[PDB]
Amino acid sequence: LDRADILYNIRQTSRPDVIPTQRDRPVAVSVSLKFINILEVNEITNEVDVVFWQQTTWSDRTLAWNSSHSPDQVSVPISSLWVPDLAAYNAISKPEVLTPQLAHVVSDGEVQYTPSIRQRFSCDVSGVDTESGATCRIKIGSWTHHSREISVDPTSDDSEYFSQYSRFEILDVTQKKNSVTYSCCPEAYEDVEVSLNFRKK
């Protein structure tokens, strides 16, 4: 098998529609935000403009191949793969995807998709000009799949890729997992809450 052969098979048999559940177990999706920039803060209206990498990881055995005398990885356009339907519950603009829309696929079936995203959010901005900073929370989860179909789980150094040229600095980043029951359905929907503690320089 060469790369040409693998990508060919993937294009033909992939099923981008079909969630890769294994035996009535959820697909375990890991989500991690790497903050890159903080752009436009408004303490009056409680809105922020963030740039971050949304590192997303899951398993899809449908994609697997024998990597014996073969490449053990390929890059695949996301249009040819199933992808989790994650959304930011407190976003007030649609995600603007800055980078090429390719996913990394390893021969075992492990997929990683890490787009860079600029997005505007609604959160608590009070104290941004204070020594203790503001704490903004971002809630991310599956939009249509409940806890028995998709589970989201958190995966560091906050500022590792954070821009030195931003007008702001990161004090701390914490992650926690929630399981919420909405008024519509009897099933639970998991999400990850990412708390970003930051202030003006």
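Numbering starts at 1 and follows the sequence shown.
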Open item on the list: Missing residues between residue 62 and residue 63 in the deposited sequence, please: none, 1 to 3, 4 to 9, or 10 or more.
Closed with: none
TODO: Higher average CA B factor in the deposited record is what I'm after, so tell me if that's 21 to 29 or 187 to 195.
DONE: 21 to 29
Open item on the list: Quick check: 48 to 56 versus 169 to 177, which has the larger average CA B-factor in the record?
Closed with: 169 to 177
Task: Deposited CA B-factor, highest of 131, 85, 108, 96 - done: 131
TODO: Sorting the chain's modelled residues by C-alpha B-factor, tell me whether residue 126 ends up in the lowest, middle or highest third.
DONE: highest
Open item on the list: Which third, lowest, middle or highest, does the C-alpha temperature factor of residue 144 belong to within its own chain?
Closed with: lowest
Open item on the list: Based on the deposited C-alpha B factors for this chain, I'd like to know if residue 150 is in the lowest, middle or highest third.
Closed with: lowest
Open item on the list: By the recorded C-alpha temperature factor, relative to the other modelled residues in its chain, which third is residue 115 in?
Closed with: lowest
- [ ] Divide the modelled residues of the chain into thirds by Cα B-factor and specify which third, lowest, middle or highest, holds residue 71.
- [x] highest
